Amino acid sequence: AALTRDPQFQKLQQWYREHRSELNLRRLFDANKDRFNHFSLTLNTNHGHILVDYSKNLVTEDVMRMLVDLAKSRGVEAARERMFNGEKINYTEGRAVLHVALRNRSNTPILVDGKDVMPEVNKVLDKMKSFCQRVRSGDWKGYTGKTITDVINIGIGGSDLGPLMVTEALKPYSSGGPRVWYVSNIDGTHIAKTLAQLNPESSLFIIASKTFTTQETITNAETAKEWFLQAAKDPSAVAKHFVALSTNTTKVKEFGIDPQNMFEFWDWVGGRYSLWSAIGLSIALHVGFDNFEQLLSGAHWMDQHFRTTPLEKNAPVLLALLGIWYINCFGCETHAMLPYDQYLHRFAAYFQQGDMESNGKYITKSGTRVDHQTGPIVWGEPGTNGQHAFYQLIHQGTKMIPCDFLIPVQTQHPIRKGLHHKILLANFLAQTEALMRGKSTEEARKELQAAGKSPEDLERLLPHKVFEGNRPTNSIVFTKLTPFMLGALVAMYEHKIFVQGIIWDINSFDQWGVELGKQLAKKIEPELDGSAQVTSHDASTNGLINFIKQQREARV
């Protein structure tokens, strides 16, 4: 594998082996008064600042230099340019990778197979805006002449997680927009409980699927269309209540959707990088087009930062490199994303797809297997909730867990003269301070003594009160979570994931690993019909199917 053969990677690993025991955050801070100044970056976007403070990490200047040299040795910059230039870097599928074109507000030509994609990107944006205006203003009427009050996006994975995460995060910007609902699971609970709350006369369904063949989505769409037709009783009414977001014109037509109701995207838009395309239509309907354009513009700002900033001061690059250090040197399996913002409650779940489906890979560009770790397991919940759920293990378990803590300085709801937000900030700051500093045996002993504990009681309780600390974090603090800032932050992590994938020599843009399960489910589906025992698989699959058939009947 390329990474393990790289001499800069070998140098980094040898240094880690030689100097690991010497890395202690407390000591690093007392030895360098300028530690925060030297291991942080501030990004001024002109619409808010982003402080990326990576100083509470187990790194020195020498480590950061070696990591930057690794990025250079692995050709990160040339790979980056291939992406932005429309070269077919998704080599297993023979596709370009151009989510950056979707938000290219500068409109510089970006060629795919010699043809600039910008005119079509902009044509779809204009179509989205025109449709959005009609719907939001009440000009677009349902089959009985009423305005649309509810928009239901039907889609799964990349056709669901982005729009849901962004509409949740930008809820304060939804004045005057219809309610939005996201139906994604094939589990019939999802569509059933949603339809029960809706009036077909005032509901608009958005069928979101890159291929337009995804089983869960098409089945959900058909269920919705049947429910709609039970009320409307006229196939022509479908054109007032169903639109499609897809790359497949043919399948959209076959489904019965009016061709003028199709909002197109392209093969070079990966689903987990698709919210910036037509897939973002539910975002624009909920928060308006100006806000959607601000979201794209924030991403564009970050794209320019990533593309033109020297590596040593390039935010996505440094976040990526710190991750390489923890993954490939320290061996940490996971990466926690902990936004101290309830509106961002689905941010970690979004990056679970963005990061894990991109970099949970093991075949390199040369077709050989990696002999080192690749993408981490990403997880998290918003602060402060997580403090009361799982931080016990982060502070006093046996796992090393790099965490990114994120927060806006300004809240959307400064209630009680800002008291809630002041407490939120204090916890955000205290948690990373605590993770770094810990509390020694003697510090804890002093506290217990001052609290009046007896010798016998102190001796028994004391060991449990000790915190080893030395647990590294990034703190990412930004002025306010506006549409623009959210766009910049999401693009920042997109690019972090890109850089890690290039260093690992894997393809961040395909997803061949989902195929086998789809294949096997198609074989099992028909076997579930009827009372007959199934014997065609391994004994477990057979046993489970037979139990399912036995219990289908039970009355409980």
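Each residue number is its position in the shown sequence, starting from 1. Rigid core here is just the name for the largest C-alpha set that superposes within 1.5 Å across the two forms.
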Taking RMS over all structures and residues, which stretch has CA atoms farther from the shown form in 7 other deposited structures of this protein, 149 to 157 or 253 to 261, after a rigid core fit? 253 to 261
Name the stretch that deviates more in 7 other deposited structures of this protein: 229 to 237, or 242 to 250? Use RMS CA distance to the shown form, core superposed. 242 to 250
With respect to the recorded C-alpha B factors, which stretch has the higher mean value, 394 to 402 or 86 to 94? 86 to 94
Between 32 to 40 and 491 to 499, the record assigns the higher mean Cα B factor to 32 to 40
If you check the C-alpha B-factor for each of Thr374, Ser159, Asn248, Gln412 in the entry, which is highest? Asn248
Using the temperature factors in the entry, find which of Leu281, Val183, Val166, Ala196 has the highest value at its Cα atom. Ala196
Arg26's Cα B-factor: lowest, middle or highest third of the chain? highest
Determine, from the deposited record, the chain-internal third of the Cα B-factor for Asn57: lowest, middle or highest. middle
Entry-reported C-alpha B-factor of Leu111 relative to its chain, by third, is middle
Quick tally, chain-level thirds of C-alpha B-factors: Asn507 sits in the lowest
Compare the C-alpha B factor of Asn122 with those of the other modelled residues in its chain, then answer lowest, middle or highest third. middle
